[PDB]
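Participant: My file is my_file13.csv. It has CSV, C-alpha atoms:
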chain,number,residue,atom,x,y,z
A,1,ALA,CA,16.4,-31.5,70.7
A,2,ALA,CA,17.6,-33.9,73.4
A,3,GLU,CA,19.4,-31.9,76.1
A,4,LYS,CA,20.7,-32.6,79.6
A,5,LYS,CA,19.2,-31.2,82.8
A,6,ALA,CA,20.0,-31.7,86.5
A,7,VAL,CA,17.9,-33.5,89.2
A,8,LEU,CA,18.5,-32.7,92.9
A,9,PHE,CA,18.9,-36.1,94.5
A,10,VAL,CA,18.3,-35.4,98.2
A,11,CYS,CA,17.3,-37.6,101.2
A,12,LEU,CA,18.3,-36.2,104.6
A,13,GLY,CA,21.9,-34.9,104.7
A,14,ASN,CA,23.2,-35.8,101.2
A,15,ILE,CA,24.7,-39.1,102.4
A,16,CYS,CA,21.9,-41.8,102.3
A,17,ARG,CA,21.1,-42.5,98.6
A,18,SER,CA,22.4,-39.0,97.8
A,19,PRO,CA,26.1,-39.9,97.0
A,20,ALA,CA,24.7,-42.9,95.0
A,21,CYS,CA,22.9,-40.9,92.4
A,22,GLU,CA,26.1,-39.4,91.0
A,23,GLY,CA,27.5,-42.9,90.5
A,24,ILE,CA,24.4,-44.7,89.2
A,25,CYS,CA,23.8,-41.8,86.7
A,26,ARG,CA,27.5,-41.3,85.8
A,27,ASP,CA,27.5,-44.9,84.7
A,28,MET,CA,23.9,-44.9,83.3
A,29,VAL,CA,24.8,-42.2,80.7
A,30,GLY,CA,28.6,-42.0,81.1
A,31,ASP,CA,29.1,-38.3,82.1
A,32,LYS,CA,26.4,-35.6,81.9
A,33,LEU,CA,24.2,-33.6,84.3
A,34,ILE,CA,20.7,-34.5,85.8
A,35,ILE,CA,22.8,-35.4,89.0
A,36,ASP,CA,22.7,-32.9,91.9
A,37,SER,CA,22.9,-34.4,95.4
A,38,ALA,CA,21.5,-32.1,98.1
A,39,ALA,CA,20.0,-32.0,101.6
A,40,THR,CA,17.8,-29.8,103.8
A,41,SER,CA,19.3,-30.7,107.2
A,42,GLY,CA,22.9,-30.0,108.0
A,43,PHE,CA,23.0,-32.6,110.7
A,44,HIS,CA,25.2,-35.6,109.6
A,45,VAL,CA,28.2,-33.9,108.0
A,46,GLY,CA,32.0,-34.2,108.2
A,47,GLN,CA,31.5,-37.8,109.3
A,48,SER,CA,29.3,-40.9,108.5
A,49,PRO,CA,31.4,-43.8,107.2
A,50,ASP,CA,30.4,-43.8,103.5
A,51,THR,CA,33.1,-46.4,102.8
A,52,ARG,CA,30.4,-49.1,103.0
A,53,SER,CA,28.0,-47.4,100.5
A,54,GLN,CA,30.8,-46.3,98.2
A,55,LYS,CA,32.4,-49.8,98.5
A,56,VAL,CA,29.3,-51.7,97.5
A,57,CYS,CA,28.8,-49.0,94.8
A,58,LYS,CA,32.1,-49.8,93.1
A,59,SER,CA,31.4,-53.5,93.8
A,60,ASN,CA,28.0,-53.3,92.1
A,61,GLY,CA,28.6,-50.5,89.6
A,62,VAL,CA,29.0,-46.9,90.8
A,63,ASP,CA,31.8,-44.3,90.1
A,64,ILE,CA,31.9,-41.5,92.7
A,65,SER,CA,34.6,-39.7,94.6
A,66,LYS,CA,33.6,-37.6,97.7
A,67,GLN,CA,30.3,-37.1,99.5
A,68,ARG,CA,30.9,-33.9,101.5
A,69,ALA,CA,27.2,-33.5,102.4
A,70,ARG,CA,26.5,-29.7,102.8
A,71,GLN,CA,23.4,-27.6,103.6
A,72,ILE,CA,21.2,-26.6,100.6
A,73,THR,CA,20.9,-22.9,99.9
A,74,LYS,CA,18.3,-21.3,97.7
A,75,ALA,CA,20.2,-21.6,94.4
A,76,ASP,CA,19.2,-25.3,94.2
A,77,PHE,CA,16.1,-24.0,92.3
A,78,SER,CA,18.0,-21.8,89.8
A,79,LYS,CA,21.1,-24.0,90.0
A,80,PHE,CA,19.5,-26.9,88.1
A,81,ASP,CA,16.3,-28.0,86.3
A,82,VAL,CA,14.7,-30.8,88.4
A,83,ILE,CA,14.6,-31.6,92.1
A,84,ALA,CA,14.4,-35.2,93.2
A,85,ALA,CA,13.4,-35.8,96.9
A,86,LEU,CA,13.8,-39.4,98.1
A,87,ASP,CA,11.9,-39.4,101.5
A,88,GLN,CA,8.6,-37.4,101.6
A,89,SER,CA,10.1,-35.1,104.4
A,90,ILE,CA,12.4,-33.7,101.7
A,91,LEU,CA,9.7,-33.0,99.2
A,92,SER,CA,7.4,-31.6,101.9
A,93,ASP,CA,10.0,-29.4,103.5
A,94,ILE,CA,11.7,-28.1,100.3
A,95,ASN,CA,8.2,-27.2,99.1
A,96,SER,CA,7.6,-25.3,102.4
A,97,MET,CA,10.4,-22.9,101.3
A,98,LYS,CA,10.2,-22.8,97.5
A,99,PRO,CA,9.2,-19.4,96.2
A,100,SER,CA,6.2,-18.7,93.9
A,101,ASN,CA,8.1,-18.2,90.7
A,102,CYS,CA,11.0,-20.4,89.4
A,103,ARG,CA,12.1,-22.6,86.5
A,104,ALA,CA,12.7,-25.9,88.3
A,105,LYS,CA,10.3,-28.8,89.2
A,106,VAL,CA,10.1,-31.0,92.3
A,107,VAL,CA,9.5,-34.7,91.9
A,108,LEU,CA,9.6,-37.5,94.5
A,109,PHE,CA,12.0,-40.5,94.1
A,110,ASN,CA,10.6,-43.9,95.1
A,111,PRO,CA,8.2,-44.3,98.1
A,112,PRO,CA,9.3,-44.1,101.7
A,113,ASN,CA,10.5,-47.8,101.6
A,114,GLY,CA,13.1,-48.4,98.9
A,115,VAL,CA,16.1,-46.1,99.6
A,116,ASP,CA,16.1,-46.2,103.4
A,117,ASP,CA,19.7,-46.9,104.4
A,118,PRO,CA,19.7,-46.4,108.1
A,119,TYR,CA,23.2,-46.4,109.6
A,120,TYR,CA,23.9,-49.7,111.3
A,121,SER,CA,23.5,-52.7,109.0
A,122,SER,CA,24.5,-53.1,105.3
A,123,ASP,CA,20.8,-53.4,104.3
A,124,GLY,CA,21.0,-50.1,102.4
A,125,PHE,CA,24.1,-50.4,100.1
A,126,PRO,CA,22.2,-53.0,98.1
A,127,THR,CA,18.7,-51.5,98.4
A,128,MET,CA,19.9,-47.9,98.1
A,129,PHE,CA,21.6,-48.6,94.7
A,130,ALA,CA,18.8,-51.0,93.7
A,131,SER,CA,16.2,-48.1,93.8
A,132,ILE,CA,18.8,-45.5,92.9
A,133,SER,CA,18.9,-47.1,89.4
A,134,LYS,CA,15.7,-49.1,89.4
A,135,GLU,CA,14.0,-45.6,89.5
A,136,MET,CA,16.4,-43.8,87.2
A,137,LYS,CA,15.3,-45.5,83.9
A,138,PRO,CA,11.5,-44.8,84.4
A,139,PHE,CA,12.4,-41.3,85.6
A,140,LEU,CA,15.3,-39.7,83.8
A,141,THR,CA,14.0,-41.2,80.5
A,142,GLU,CA,10.6,-39.7,81.3
A,143,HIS,CA,12.0,-36.5,83.0
A,144,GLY,CA,13.2,-34.9,79.7
A,145,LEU,CA,16.2,-37.1,78.7
A,146,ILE,CA,16.3,-40.9,78.0
I need this file expressed as structure tokens, please.
Facilitator:
Amino acid sequence: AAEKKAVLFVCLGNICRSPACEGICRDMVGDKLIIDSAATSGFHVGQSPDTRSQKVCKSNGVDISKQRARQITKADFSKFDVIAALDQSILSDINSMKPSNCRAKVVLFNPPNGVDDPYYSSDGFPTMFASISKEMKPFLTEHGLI
């Protein structure tokens, strides 16, 4: 009974480590679900040069397309099956709004140290993907897939 779900990969705008989950996963399995980038802070949108992250991604192993970060509504809970929050702020906030009856779960992704691409040096493209996948085998495989 192996099925596919959908984890909400969020971080802080759907740009840092967010647009990397779709590629890391797309290549990890080939083409399924469990990949849902999101963000609870419509601050950095319609901007942010994601050519560096997307570049290293295709140079390390990541197939994406566009990262139009957008505000997260309330369907994120009934629009998928799992919610992955990179930084703790995402898990803490998203939990401060979650209702009291739903069918989705909220899990944290790596500690507040791995995925931390700031926005000045290329010290995230490598680390971001590193954790993006280094935490996708011990997670997706144990989140209800493989």
Participant: Tell me, as an MDAnalysis selection string, which residues lie within 7 Å of range 107-120 of chain A, counting all atoms listed in the file; anything in the same chain fewer than 2 positions away does not count.
Facilitator: chainID A and resid 16:17 83:88 91 105 122:124 127:128 131 135
Participant: Restricting the calculation to only C-alpha atoms: of A:14, A:141, A:133, A:96, which residue gets closest to residue 60 in chain A?
Facilitator: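 Closest to residue 60 in chain A of all the choices is A:133.
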Participant: Mind pulling up the distance from CA of residue 21 in chain A to CA of residue 75 in chain A?
Facilitator: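 If I compute the distance from CA of residue 75 in chain A to CA of residue 21 in chain A, I get 19.6 Å.
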Participant: One number please: CA of residue 92 in chain A to CA of residue 106 in chain A, in Å, one decimal.
Facilitator: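 Straight-line distance from CA of residue 92 in chain A to CA of residue 106 in chain A works out to 10.0 Å.
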Participant: Distance CA of residue 26 in chain A-CA of residue 63 in chain A, one decimal place?
Facilitator: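 So the two atoms, CA of residue 26 in chain A and CA of residue 63 in chain A, lie 6.8 Å apart.
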Participant: Up to 12 Å from (23.7, -33.5, 104.6) in the file's coordinates: name the residues, counting all atoms listed in the file, as a VMD selection string.
Facilitator: chain A and resid 9 to 19 37 to 48 67 to 73 90
Participant: Within 10 Å of residue 22 in chain A, counting only C-alpha atoms, which residues qualify if same-chain residues fewer than 5 places away don't, as a list in words?
Facilitator: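 Answer for this query is residues 9, 17, 27, 28, 31, 32, 33, 34, 35, 36, 37, 62, 63, 64, 65, 67 and 132 of chain A.
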Participant: What's the 10 Å shell around residue 102 in chain A, counting all atoms listed in the file, without same-chain residues fewer than 4 positions away, as a PyMOL selection string?
Facilitator: chain A and resi 77-78+81+98
